[PDB]
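Each remark here refers to the structure printed beneath this line.
Every number here is computed from the coordinates shown, using simple stated rules; none is lab data. Please note: Cβ atoms are built from the backbone with ideal geometry, for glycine as well, and neighbour counts cover all protein chains shown.
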């Protein structure tokens, strides 16, 4: 692999945007989605998809569920269908892809085993992905969080990958409370210490996944999602972002 | 490829069983499935899956639907989910797999592009498949009938593949009317002549797919499905089948 120019003044070559289930559903209303939230988020993701044509995936959270874990693949398929239907309704070539048919685990590491994802991107379409039940090398099913799906893109994406995880907080909170603006993935021990101090394991899962991505060059963010908020700044160099934006940025 | 012993006295090494949508749904009641039919068929397929552990796929018909064809992948996912849920309910390790995430078209020929299907079989599970919208090499979506799904298995299955398409007739009818018992895939022109004479293109699609499979060694059947009917004879050599069974058998 050759030298990849990187930095806060560079434009991303690929966007993996993950939308947390908490932003468009409620745990105490299982299976129901907030259609107004989905609709408004979809308009903002559609704009991103126009610019990042063939250079973006949308990952949906939500769709929570010996072999009973198989029902998870069906649950998270439904959530991908809901986003893809909405996005096609507004002119985006959105196509849901079952991660379980494309990816398996080996030694705990997700392995992309289907060429289809790269082809769909090359055709200019928008894959809609989600967490899933994945088989390992012994045939055992494991729940693979939506928050870890960006990891599967690492060997396949060329150039500068930006990963954005939209959640119900502005980033990782630390001791009053304040957001930790930057985390160095090479040695992120202080971010993990902040989580212990400000909790009560979904944020820990996010941190582990985004550290993994950042160690492989990605520019990663945990930030607050809001259905109606404009996301066009996610196409731009980090140094050009509006002043109001708050996030935890994870890089190496 | 070495010499494969074949003939009506040999046991199949693999079963691809396709259940027609007409057998468990109604065109005039779109999206609804007949749960009693699904339940009774599932009990019979579960028995087959016990014997053909890792050596069978179930293909569901039904789930009918620029990029609007994408909705087909969602529709046929639902039908796979319905069968897989039912089969897991009776102890079968049934896992639905989106063919569109595993297979694309090149020069009109389906190409298996994901290793997951073979792995799932090797783990001893039952893949549940269906027709789908598949991308071609130019990024165009095509409707790929459930009736053609056995074609995708041809390069992957070793040994003797038996393909059984369950439909609402006993086979191909010819001129009174009688069932054509045998078709030679090397030169099946009389079967196509029978279809022209006894019609008014789903049976033609079946015939084309099963001729394609038979020319690659498969032993193929068009026969009548019935939810409650015992299917154990499908594990046995054709020469051992009960006398009451009627079918059109397609081989080369």
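Some notes on this structure:
- Meets criteria (under 18 Å from residue A:115 (Cβ atoms), in contact with a strand residue (DSSP E or B) (Cβ under 9 Å, 6 or more places away or on another chain) and not in a strand (DSSP E or B)) for residue B:203: no
- Residues within the range A:56-70 that are surrounded by fewer than 22 Cβ atoms within 10 Å (Cβ to Cβ) and away from chain B (no Cβ under 14 Å), tallied: 1
- Hey, residue A:156 more than 15 Å from residue A:248 (Cα to Cα), in contact with a strand residue (DSSP E or B) (Cβ under 8 Å, 6 or more places away or on another chain) and crowded, with 22+ Cβ neighbours inside 10 Å or not: no
- Subset of the range A:239-249 [closer than 16 Å to residue A:48 by Cα and in contact with a strand residue (DSSP E or B) (Cβ under 7 Å, 6 or more places away or on another chain)]: none
- Residue identified as surrounded by fewer than 24 Cβ atoms within 10 Å (Cβ to Cβ) and in contact with a strand residue (DSSP E or B) (Cβ under 7 Å, 6 or more places away or on another chain) among A:118, A:88: A:88
- Restricted to the range B:71-165, the set of strands (runs of 3 or more DSSP E) holding at least 3 residues that are more than 9 Å from chain A (Cβ to nearest Cβ) and in contact with a helix residue (DSSP H, G or I) (Cβ under 6 Å, 6 or more places away or on another chain) comprises B:126-130.
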